[PDB]
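Chemist: Just input.txt, nothing more (compact mmCIF, C-alpha atoms):
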# COMPACT_ATOMS: atom_id res chain seq x y z
CA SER T 1 -8.92 -25.14 7.21
CA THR T 2 -9.32 -21.47 8.10
CA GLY T 3 -7.22 -18.58 9.37
CA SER T 4 -8.04 -15.35 11.21
CA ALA T 5 -5.62 -12.50 11.96
CA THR T 6 -6.01 -9.01 13.34
CA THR T 7 -4.78 -6.13 11.16
CA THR T 8 -3.68 -2.89 12.86
CA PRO T 9 -3.24 0.67 11.49
CA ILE T 10 0.40 1.72 11.39
CA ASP T 11 -0.36 5.31 12.46
CA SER T 12 -3.16 7.66 13.52
CA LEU T 13 -4.24 8.31 9.91
CA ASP T 14 -4.72 4.66 8.87
CA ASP T 15 -2.03 5.13 6.21
CA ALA T 16 -1.63 1.33 6.02
CA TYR T 17 -2.41 -1.78 8.05
CA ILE T 18 -0.01 -4.46 9.31
CA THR T 19 -0.83 -8.10 10.05
CA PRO T 20 1.51 -10.52 11.86
CA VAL T 21 2.81 -13.41 9.74
CA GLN T 22 4.84 -16.40 10.96
CA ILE T 23 7.69 -17.40 8.59
CA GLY T 24 10.03 -20.36 9.02
CA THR T 25 10.90 -22.85 11.73
CA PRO T 26 11.10 -21.78 14.50
CA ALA T 27 8.67 -19.03 13.57
CA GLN T 28 9.95 -15.56 12.75
CA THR T 29 7.03 -13.14 13.09
CA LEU T 30 7.05 -10.19 10.68
CA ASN T 31 4.35 -7.52 10.34
CA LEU T 32 3.33 -7.42 6.69
CA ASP T 33 1.13 -5.12 4.62
CA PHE T 34 -1.56 -7.32 3.06
CA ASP T 35 -2.00 -5.94 -0.46
CA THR T 36 -4.89 -7.03 -2.73
CA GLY T 37 -3.26 -4.93 -5.48
CA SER T 38 -0.08 -7.00 -5.85
CA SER T 39 1.02 -10.62 -5.86
CA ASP T 40 4.48 -10.89 -4.22
CA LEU T 41 5.17 -11.90 -0.63
CA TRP T 42 8.42 -10.07 0.07
CA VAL T 43 10.25 -9.32 3.32
CA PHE T 44 13.08 -7.32 4.79
CA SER T 45 15.78 -9.88 5.44
CA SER T 46 19.32 -10.61 6.56
CA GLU T 47 20.21 -10.04 2.89
CA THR T 48 18.83 -6.49 2.70
CA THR T 49 21.48 -3.80 2.18
CA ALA T 50 22.23 -2.70 5.73
CA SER T 51 21.89 1.04 5.02
CA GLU T 52 18.34 0.36 3.76
CA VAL T 53 17.11 -1.24 7.00
CA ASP T 54 15.97 1.24 9.71
CA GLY T 55 14.03 -0.51 12.46
CA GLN T 56 12.22 -3.24 10.52
CA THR T 57 12.12 -6.83 11.68
CA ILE T 58 14.05 -9.05 9.28
CA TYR T 59 13.67 -12.64 8.10
CA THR T 60 16.90 -14.63 8.39
CA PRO T 61 16.54 -17.77 6.25
CA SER T 62 19.73 -19.33 7.64
CA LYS T 63 17.98 -19.59 11.03
CA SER T 64 14.96 -21.45 9.60
CA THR T 65 15.31 -25.22 9.32
CA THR T 66 12.56 -25.30 6.66
CA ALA T 67 13.96 -22.54 4.39
CA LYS T 68 15.33 -23.60 1.00
CA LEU T 69 16.85 -21.31 -1.61
CA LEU T 70 14.79 -21.35 -4.80
CA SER T 71 17.78 -21.70 -7.08
CA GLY T 72 18.12 -19.09 -9.79
CA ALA T 73 14.96 -17.18 -8.86
CA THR T 74 14.95 -13.40 -8.61
CA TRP T 75 12.24 -10.79 -8.22
CA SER T 76 11.83 -7.08 -8.80
CA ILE T 77 8.73 -4.95 -8.32
CA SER T 78 7.66 -1.35 -8.77
CA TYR T 79 4.45 -0.12 -7.18
CA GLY T 80 1.97 2.50 -8.37
CA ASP T 81 3.37 5.02 -5.87
CA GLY T 82 6.89 4.84 -7.34
CA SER T 83 8.38 2.60 -4.65
CA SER T 84 10.25 -0.61 -5.48
CA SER T 85 12.22 -3.58 -4.15
CA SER T 86 14.10 -6.63 -5.43
CA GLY T 87 16.04 -9.70 -4.37
CA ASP T 88 16.17 -13.50 -4.36
CA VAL T 89 13.70 -16.18 -3.25
CA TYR T 90 13.36 -18.89 -0.61
CA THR T 91 10.58 -21.36 -0.04
CA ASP T 92 9.49 -21.73 3.58
CA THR T 93 6.52 -22.39 5.84
CA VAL T 94 4.24 -19.37 6.23
CA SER T 95 1.31 -19.11 8.65
CA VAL T 96 -1.34 -16.38 8.94
CA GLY T 97 -3.77 -16.48 11.83
CA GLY T 98 -3.43 -20.24 12.27
CA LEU T 99 -3.53 -21.13 8.54
CA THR T 100 -0.28 -22.74 7.35
CA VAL T 101 1.16 -23.04 3.84
CA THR T 102 4.27 -25.12 3.24
CA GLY T 103 6.57 -24.32 0.34
CA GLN T 104 5.49 -20.68 0.09
CA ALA T 105 7.75 -18.45 -1.99
CA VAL T 106 9.21 -15.87 0.41
CA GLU T 107 10.92 -13.14 -1.61
CA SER T 108 13.93 -11.85 0.31
CA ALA T 109 14.79 -8.21 -0.34
CA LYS T 110 18.35 -7.33 -1.25
CA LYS T 111 17.32 -3.75 -2.12
CA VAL T 112 14.34 -1.60 -1.10
CA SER T 113 13.45 1.95 -2.09
CA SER T 114 13.66 4.79 0.38
CA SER T 115 9.95 4.89 1.22
CA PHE T 116 10.19 1.34 2.59
CA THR T 117 13.35 2.07 4.58
CA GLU T 118 11.67 5.14 6.05
CA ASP T 119 8.64 3.18 7.31
CA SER T 120 9.92 1.18 10.27
CA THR T 121 6.48 -0.36 10.94
CA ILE T 122 6.17 -2.43 7.71
CA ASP T 123 8.42 -5.50 7.44
CA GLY T 124 7.27 -6.44 3.92
CA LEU T 125 4.19 -7.09 1.79
CA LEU T 126 1.88 -10.07 1.37
CA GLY T 127 0.25 -9.89 -2.04
CA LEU T 128 -3.34 -11.04 -2.52
CA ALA T 129 -4.02 -10.14 -6.17
CA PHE T 130 -3.91 -12.86 -8.84
CA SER T 131 -0.73 -14.90 -9.22
CA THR T 132 -0.38 -13.81 -12.87
CA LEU T 133 1.13 -10.57 -11.46
CA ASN T 134 3.85 -12.30 -9.40
CA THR T 135 7.27 -10.99 -10.44
CA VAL T 136 9.48 -14.03 -9.69
CA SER T 137 11.62 -15.02 -12.68
CA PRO T 138 12.19 -17.38 -14.43
CA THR T 139 9.41 -19.37 -12.70
CA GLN T 140 6.46 -17.29 -11.52
CA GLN T 141 5.29 -18.16 -7.99
CA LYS T 142 1.86 -18.43 -6.37
CA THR T 143 0.41 -16.13 -3.73
CA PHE T 144 -0.25 -17.29 -0.19
CA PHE T 145 -3.98 -17.40 -0.93
CA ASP T 146 -3.48 -19.39 -4.13
CA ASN T 147 -1.36 -21.93 -2.25
CA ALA T 148 -3.88 -22.20 0.60
CA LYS T 149 -7.15 -22.18 -1.33
CA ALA T 150 -7.54 -25.92 -2.00
CA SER T 151 -7.22 -26.57 1.76
CA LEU T 152 -9.61 -23.81 2.84
CA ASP T 153 -13.17 -24.63 3.88
CA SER T 154 -14.32 -22.12 1.22
CA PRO T 155 -11.98 -20.50 -1.37
CA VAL T 156 -12.40 -16.97 0.02
CA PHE T 157 -10.75 -14.34 2.15
CA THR T 158 -12.34 -11.28 3.74
CA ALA T 159 -11.06 -7.83 4.61
CA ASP T 160 -12.63 -5.95 7.52
CA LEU T 161 -10.46 -2.88 7.98
CA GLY T 162 -11.07 -0.57 10.93
CA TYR T 163 -11.40 3.22 11.02
CA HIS T 164 -8.76 4.35 13.51
CA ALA T 165 -8.97 0.87 15.00
CA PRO T 166 -7.85 -2.71 14.38
CA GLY T 167 -9.71 -5.01 12.01
CA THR T 168 -9.52 -8.56 10.69
CA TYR T 169 -8.41 -10.63 7.71
CA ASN T 170 -10.12 -14.02 7.56
CA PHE T 171 -9.26 -16.93 5.25
CA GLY T 172 -11.64 -19.73 4.31
CA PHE T 173 -14.88 -18.54 5.93
CA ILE T 174 -17.31 -15.61 6.05
CA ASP T 175 -17.98 -14.32 9.59
CA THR T 176 -21.70 -13.58 9.46
CA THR T 177 -21.47 -11.59 12.73
CA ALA T 178 -19.06 -9.06 11.20
CA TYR T 179 -21.47 -7.14 8.95
CA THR T 180 -25.02 -5.79 8.88
CA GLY T 181 -27.64 -6.54 6.25
CA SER T 182 -26.65 -8.73 3.31
CA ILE T 183 -23.52 -9.05 1.19
CA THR T 184 -23.94 -7.85 -2.39
CA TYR T 185 -21.75 -9.71 -4.86
CA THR T 186 -20.46 -8.21 -8.09
CA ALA T 187 -18.51 -9.50 -11.07
CA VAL T 188 -14.69 -9.42 -11.27
CA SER T 189 -12.40 -9.19 -14.28
CA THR T 190 -8.99 -10.81 -13.77
CA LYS T 191 -7.67 -9.65 -17.16
CA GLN T 192 -5.23 -7.20 -15.55
CA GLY T 193 -4.45 -9.44 -12.57
CA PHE T 194 -6.43 -7.31 -10.10
CA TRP T 195 -9.71 -7.62 -8.20
CA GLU T 196 -11.28 -5.38 -10.84
CA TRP T 197 -14.99 -4.59 -10.68
CA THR T 198 -17.53 -1.96 -11.77
CA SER T 199 -19.27 0.31 -9.27
CA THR T 200 -22.78 1.40 -10.23
CA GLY T 201 -22.43 5.06 -9.22
CA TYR T 202 -21.99 7.55 -6.41
CA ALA T 203 -23.53 10.22 -4.22
CA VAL T 204 -22.00 13.17 -2.35
CA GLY T 205 -23.40 13.75 1.13
CA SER T 206 -27.20 13.78 1.12
CA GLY T 207 -27.26 14.42 -2.64
CA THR T 208 -28.98 12.32 -5.26
CA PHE T 209 -27.33 9.13 -6.45
CA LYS T 210 -25.71 9.36 -9.89
CA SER T 211 -25.96 6.10 -11.81
CA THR T 212 -22.73 5.64 -13.77
CA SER T 213 -20.32 2.75 -14.26
CA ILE T 214 -16.95 3.21 -12.56
CA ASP T 215 -14.41 0.45 -13.26
CA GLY T 216 -11.75 0.07 -10.60
CA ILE T 217 -9.79 -2.23 -8.33
CA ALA T 218 -10.27 -3.25 -4.71
CA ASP T 219 -6.81 -2.51 -3.30
CA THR T 220 -6.03 -2.89 0.41
CA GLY T 221 -2.47 -1.72 -0.25
CA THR T 222 -3.52 1.77 -1.36
CA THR T 223 -4.49 4.30 1.31
CA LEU T 224 -6.89 6.58 -0.56
CA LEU T 225 -9.85 6.44 -2.95
CA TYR T 226 -8.85 7.41 -6.51
CA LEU T 227 -11.75 8.15 -8.87
CA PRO T 228 -12.40 10.00 -12.13
CA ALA T 229 -11.78 13.75 -12.08
CA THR T 230 -15.49 14.52 -12.66
CA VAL T 231 -16.51 12.55 -9.57
CA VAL T 232 -13.74 13.99 -7.39
CA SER T 233 -14.55 17.57 -8.46
CA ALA T 234 -18.22 17.01 -7.57
CA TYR T 235 -17.19 15.82 -4.09
CA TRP T 236 -14.80 18.65 -3.22
CA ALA T 237 -17.18 21.30 -4.60
CA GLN T 238 -19.29 20.60 -1.51
CA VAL T 239 -16.44 21.60 0.83
CA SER T 240 -15.97 25.36 1.20
CA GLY T 241 -12.39 26.33 0.47
CA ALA T 242 -11.32 22.98 -0.97
CA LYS T 243 -9.09 23.11 -4.04
CA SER T 244 -6.71 20.99 -6.07
CA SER T 245 -3.11 21.99 -5.32
CA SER T 246 -0.47 21.06 -7.88
CA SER T 247 2.26 21.86 -5.36
CA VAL T 248 0.85 19.56 -2.69
CA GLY T 249 -0.22 16.89 -5.17
CA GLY T 250 -3.99 16.75 -4.86
CA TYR T 251 -7.08 18.15 -3.24
CA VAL T 252 -6.64 19.95 0.07
CA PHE T 253 -9.26 21.52 2.29
CA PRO T 254 -9.45 23.75 5.37
CA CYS T 255 -8.89 21.72 8.49
CA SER T 256 -11.86 23.59 10.03
CA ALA T 257 -14.28 22.03 7.53
CA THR T 258 -16.78 19.27 8.23
CA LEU T 259 -16.59 16.81 5.33
CA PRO T 260 -19.64 15.25 3.64
CA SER T 261 -20.00 11.52 3.25
CA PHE T 262 -19.39 9.76 -0.06
CA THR T 263 -21.55 6.83 -1.21
CA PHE T 264 -20.56 4.27 -3.84
CA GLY T 265 -22.79 1.72 -5.54
CA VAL T 266 -22.35 -2.06 -5.50
CA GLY T 267 -25.11 -3.31 -7.75
CA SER T 268 -28.33 -1.99 -6.21
CA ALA T 269 -26.62 -1.67 -2.80
CA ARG T 270 -24.86 1.38 -1.35
CA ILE T 271 -21.75 1.72 0.81
CA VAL T 272 -21.48 5.01 2.73
CA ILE T 273 -18.03 6.40 3.56
CA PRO T 274 -18.44 8.85 6.49
CA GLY T 275 -16.93 12.27 5.98
CA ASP T 276 -14.43 11.74 8.80
CA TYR T 277 -12.87 8.83 6.85
CA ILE T 278 -11.89 11.32 4.11
CA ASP T 279 -9.78 13.55 6.41
CA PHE T 280 -6.04 12.77 6.17
CA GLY T 281 -4.94 15.64 8.35
CA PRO T 282 -2.55 18.54 7.98
CA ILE T 283 -0.33 18.52 4.90
CA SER T 284 2.60 19.29 7.21
CA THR T 285 2.79 19.53 10.98
CA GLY T 286 0.89 22.56 12.23
CA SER T 287 -0.71 23.46 8.91
CA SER T 288 -4.37 24.40 8.68
CA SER T 289 -4.54 22.86 5.19
CA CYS T 290 -5.60 19.21 5.30
CA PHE T 291 -5.15 16.47 2.71
CA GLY T 292 -8.21 14.86 1.16
CA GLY T 293 -8.88 11.15 1.10
CA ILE T 294 -10.64 11.21 -2.27
CA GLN T 295 -8.29 12.09 -5.14
CA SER T 296 -8.29 12.01 -8.93
CA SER T 297 -7.19 8.87 -10.76
CA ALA T 298 -6.60 10.82 -13.97
CA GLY T 299 -2.82 10.35 -13.77
CA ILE T 300 -2.90 6.68 -12.72
CA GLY T 301 -4.71 4.92 -15.56
CA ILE T 302 -7.07 3.03 -13.26
CA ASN T 303 -9.57 3.86 -10.51
CA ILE T 304 -8.60 2.50 -7.09
CA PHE T 305 -10.99 1.59 -4.26
CA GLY T 306 -8.32 1.84 -1.58
CA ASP T 307 -8.55 1.71 2.20
CA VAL T 308 -10.74 4.85 2.47
CA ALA T 309 -13.47 2.95 0.61
CA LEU T 310 -12.79 -0.59 1.77
CA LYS T 311 -12.76 0.23 5.49
CA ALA T 312 -16.39 1.39 5.22
CA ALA T 313 -17.35 -2.18 4.24
CA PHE T 314 -16.96 -5.86 4.97
CA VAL T 315 -15.34 -7.11 1.77
CA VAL T 316 -15.36 -10.68 0.44
CA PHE T 317 -12.66 -11.72 -2.04
CA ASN T 318 -14.25 -14.85 -3.55
CA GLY T 319 -11.56 -16.92 -5.27
CA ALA T 320 -13.86 -19.52 -6.80
CA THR T 321 -13.23 -20.67 -10.37
CA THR T 322 -15.05 -17.51 -11.49
CA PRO T 323 -13.99 -14.91 -8.89
CA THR T 324 -16.39 -12.31 -7.49
CA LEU T 325 -16.29 -9.52 -4.92
CA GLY T 326 -18.82 -9.02 -2.11
CA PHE T 327 -19.53 -5.86 -0.12
CA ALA T 328 -21.65 -5.40 3.00
CA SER T 329 -22.19 -2.49 5.35
CA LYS T 330 -20.98 -2.95 8.91
Just give me the structure of the file as structure tokens.
Modeler:
Amino acid sequence: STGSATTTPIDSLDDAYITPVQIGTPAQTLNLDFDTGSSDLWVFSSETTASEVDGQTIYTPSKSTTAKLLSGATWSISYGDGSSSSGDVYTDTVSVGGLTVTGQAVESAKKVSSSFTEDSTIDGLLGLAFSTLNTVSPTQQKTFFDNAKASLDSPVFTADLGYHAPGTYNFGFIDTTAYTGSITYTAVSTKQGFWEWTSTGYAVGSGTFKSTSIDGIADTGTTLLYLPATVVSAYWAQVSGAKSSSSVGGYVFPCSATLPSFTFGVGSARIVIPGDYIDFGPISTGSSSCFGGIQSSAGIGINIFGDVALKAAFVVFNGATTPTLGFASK
């Protein structure tokens, strides 16, 4: 089997991408944030505290003839950005782009933090990291990909995120028309539960490539590119007037600037992020100070190849017995 679904930016900055997901019988379609940095499939639901729902589409398990309460199971998650959610668990039929999993754990939110309430466009998350990170207790549950992978033609999924445009998540096959050149594969460590890999270096604009190992995670659920402070300083030094602002929370730059590209290494291959992908617009409406898309990881504890980096590439998440990551230009 295979599946293919279009993923769409939630706003004009590509802050996140939503993909339609069919849950239950008859189908209830919710727009979920596919997140390769986490491993819970959770949804706004008929059980969510009413004051914490503001425009989202909800899953109502009582209206699904295939929903079954997973007795005794609870879940609770906190994300790297400080947001969180928690609730109970149903199993139900879940389909993405024509690919169907029966008995998928669907984590129904009873509580969500304010940042979720305030984003009416995201109806929940679909985690695509390794199932060892799933938060369901007392019996940990499998991700959608883990449940589907034995049935897939090939045990892979691909992320092809658009710049200011829709893109595609595919399951079970590699669309050879979706990228240019070849795909360069690189080793993955699953020891922390993430798609963790080591970049071979970077360049700023037309500058020389610096060979240096940068360990980090491929994370579709994070907007920006978070890298070591040395690397980030070298980038922003090439933008006149750019500075790190403690009050804003990162590097800002004059909105009148033209940004240089940023290149990262994948083995001997190179992925180029155009300068325009690094512009996240005014810090507040009407400001001439703009927020940068490359930021320091120094306060995180891990480097994160988020959407800014991933949308410059066609990315293969190879879930074979020994997982690997693949990157191609497009």
Chemist: Tell me, counting only C-alpha atoms, for each residue of region 27-121 of chain T within 10 Å of region 167-180 of chain T, which pair of atoms is nearest and how far apart they are in Å to one decimal, in rows ordered by chain and increasing number, as JSON lines.
Modeler:
{"residue": "T:34", "atom": "CA", "partner": "T:169", "partner_atom": "CA", "distance": 8.9}
{"residue": "T:96", "atom": "CA", "partner": "T:171", "partner_atom": "CA", "distance": 8.8}
{"residue": "T:97", "atom": "CA", "partner": "T:170", "partner_atom": "CA", "distance": 8.0}
{"residue": "T:98", "atom": "CA", "partner": "T:171", "partner_atom": "CA", "distance": 9.7}
{"residue": "T:99", "atom": "CA", "partner": "T:171", "partner_atom": "CA", "distance": 7.8}
Chemist: Contacts of residue 245 (chain T) at 12 Å or less, counting all atoms listed in the file, minus same-chain residues fewer than 2 places along, as a list in words?
Modeler: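 Once the nearby chain positions are removed, what remains is residues 241, 242, 243, 247, 248, 249, 250, 251, 252, 253, 283, 289, 290, 291, 292, 295 and 296 of chain T.
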Chemist: Could you state the separation of CA of residue 160 (chain T) and CA of residue 314 (chain T) in Å, given to one decimal place?
Modeler: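 We find that CA of residue 160 (chain T) and CA of residue 314 (chain T) lie 5.0 Å from each other.
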Chemist: From the options T:301, T:61, T:166, T:138, which residue's atoms come nearest to residue 229 (chain T), counting only C-alpha atoms?
Modeler: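 Smallest distance to residue 229 (chain T) is found for T:301.
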Chemist: What does the distance between CA of residue 293 (chain T) and CA of residue 114 (chain T) come to in Å, to one decimal place?
Modeler: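 If I compute the distance from CA of residue 293 (chain T) to CA of residue 114 (chain T), I get 23.4 Å.
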Chemist: So, counting all atoms listed in the file, which residue among T:109, T:188, T:325, T:309 is closest to residue 49 (chain T)?
Modeler: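 Nearest to residue 49 (chain T): T:109.
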Chemist: Could you please determine the separation between CA of residue 87 (chain T) and CA of residue 119 (chain T) in Å, to one decimal place?
Modeler: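 Going from CA of residue 87 (chain T) over to CA of residue 119 (chain T), I get 18.9 Å.
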Chemist: Could you tell me which of T:161, T:112, T:106, T:41 comes closest to residue 53 (chain T) if we count all atoms listed in the file?
Modeler: T:112
Chemist: Need to verify the contact set: residue 32 (chain T), 8 Å, only C-alpha atoms, exclusion of same-chain residues closer than 3 positions in sequence. Can you return it as an NGL selection string?
Modeler: :T and (18-21 or 43 or 122-126)
Chemist: Within 12 Å of residue 186 (chain T), counting all atoms listed in the file, which residues qualify if same-chain residues fewer than 4 places away don't, as a PDB file with C-alpha atoms, keeping the file's coordinate frame?
Modeler:
ATOM      1  CA  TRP T 195      -9.710  -7.620  -8.200  1.00  0.00           C
ATOM      2  CA  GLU T 196     -11.280  -5.380 -10.840  1.00  0.00           C
ATOM      3  CA  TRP T 197     -14.990  -4.590 -10.680  1.00  0.00           C
ATOM      4  CA  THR T 198     -17.530  -1.960 -11.770  1.00  0.00           C
ATOM      5  CA  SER T 199     -19.270   0.310  -9.270  1.00  0.00           C
ATOM      6  CA  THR T 200     -22.780   1.400 -10.230  1.00  0.00           C
ATOM      7  CA  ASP T 215     -14.410   0.450 -13.260  1.00  0.00           C
ATOM      8  CA  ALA T 218     -10.270  -3.250  -4.710  1.00  0.00           C
ATOM      9  CA  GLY T 265     -22.790   1.720  -5.540  1.00  0.00           C
ATOM     10  CA  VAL T 266     -22.350  -2.060  -5.500  1.00  0.00           C
ATOM     11  CA  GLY T 267     -25.110  -3.310  -7.750  1.00  0.00           C
ATOM     12  CA  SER T 268     -28.330  -1.990  -6.210  1.00  0.00           C
ATOM     13  CA  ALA T 269     -26.620  -1.670  -2.800  1.00  0.00           C
ATOM     14  CA  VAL T 315     -15.340  -7.110   1.770  1.00  0.00           C
ATOM     15  CA  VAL T 316     -15.360 -10.680   0.440  1.00  0.00           C
ATOM     16  CA  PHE T 317     -12.660 -11.720  -2.040  1.00  0.00           C
ATOM     17  CA  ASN T 318     -14.250 -14.850  -3.550  1.00  0.00           C
ATOM     18  CA  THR T 322     -15.050 -17.510 -11.490  1.00  0.00           C
ATOM     19  CA  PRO T 323     -13.990 -14.910  -8.890  1.00  0.00           C
ATOM     20  CA  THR T 324     -16.390 -12.310  -7.490  1.00  0.00           C
ATOM     21  CA  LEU T 325     -16.290  -9.520  -4.920  1.00  0.00           C
ATOM     22  CA  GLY T 326     -18.820  -9.020  -2.110  1.00  0.00           C
ATOM     23  CA  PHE T 327     -19.530  -5.860  -0.120  1.00  0.00           C
ATOM     24  CA  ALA T 328     -21.650  -5.400   3.000  1.00  0.00           C
TER      25      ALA T 328
END
Chemist: Taking into account all atoms listed in the file, which residue in the set T:102, T:121, T:223, T:134 is nearest to residue 80 (chain T)?
Modeler: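 Selected residue with least distance to residue 80 (chain T): T:223.
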Chemist: Listed atoms of region 90-94 of chain T, axis-aligned box, 8 Å per side: centre and edge lengths to one decimal in Å, as JSON?
Modeler:
{"center_x": 8.8, "center_y": -20.6, "center_z": 2.8, "size_x": 25.1, "size_y": 19.5, "size_z": 22.8}
Chemist: Under the rule that only C-alpha atoms are counted, which of T:85, T:210, T:117, T:181 is the nearest residue to residue 135 (chain T)?
Modeler: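 Nearest to residue 135 (chain T): T:85.
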Chemist: Find the residues around residue 86 (chain T) up to 10 Å (all atoms listed in the file counted), leave out those fewer than 6 positions away in its own chain, and share them as a PyMOL selection string.
Modeler: chain T and resi 42-43+48+74-78+107-113+135-136
Chemist: Go ahead and save the residues from that selection, with C-alpha atoms, as a PDB file, in the coordinates of the input.
Modeler:
ATOM      1  CA  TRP T  42       8.420 -10.070   0.070  1.00  0.00           C
ATOM      2  CA  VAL T  43      10.250  -9.320   3.320  1.00  0.00           C
ATOM      3  CA  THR T  48      18.830  -6.490   2.700  1.00  0.00           C
ATOM      4  CA  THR T  74      14.950 -13.400  -8.610  1.00  0.00           C
ATOM      5  CA  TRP T  75      12.240 -10.790  -8.220  1.00  0.00           C
ATOM      6  CA  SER T  76      11.830  -7.080  -8.800  1.00  0.00           C
ATOM      7  CA  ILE T  77       8.730  -4.950  -8.320  1.00  0.00           C
ATOM      8  CA  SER T  78       7.660  -1.350  -8.770  1.00  0.00           C
ATOM      9  CA  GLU T 107      10.920 -13.140  -1.610  1.00  0.00           C
ATOM     10  CA  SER T 108      13.930 -11.850   0.310  1.00  0.00           C
ATOM     11  CA  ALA T 109      14.790  -8.210  -0.340  1.00  0.00           C
ATOM     12  CA  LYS T 110      18.350  -7.330  -1.250  1.00  0.00           C
ATOM     13  CA  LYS T 111      17.320  -3.750  -2.120  1.00  0.00           C
ATOM     14  CA  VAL T 112      14.340  -1.600  -1.100  1.00  0.00           C
ATOM     15  CA  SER T 113      13.450   1.950  -2.090  1.00  0.00           C
ATOM     16  CA  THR T 135       7.270 -10.990 -10.440  1.00  0.00           C
ATOM     17  CA  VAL T 136       9.480 -14.030  -9.690  1.00  0.00           C
TER      18      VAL T 136
END
Chemist: So, with only C-alpha atoms as the atoms that count, which of T:105, T:217, T:313, T:152 lies closest to residue 38 (chain T)?
Modeler: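 The closest residue to residue 38 (chain T) is T:217.
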Chemist: Give me the residues near residue 219 (chain T) as a PyMOL selection string, where near means some atom within 8 Å (using only C-alpha atoms) and where sequence neighbours in that chain fewer than 4 positions away do not count.
Modeler: chain T and resi 35-37+195+304-307
Chemist: Counting all atoms listed in the file, I want the residues whose atoms come within 12 Å of (-25.0, 12.2, 2.4) in the file frame, returned as a list in words.
Modeler: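 These residues have at least one counted atom within 12 Å: residues 202, 203, 204, 205, 206, 207, 208, 209, 235, 238, 259, 260, 261, 262, 263, 264, 270, 271, 272, 273, 274 and 275 of chain T.
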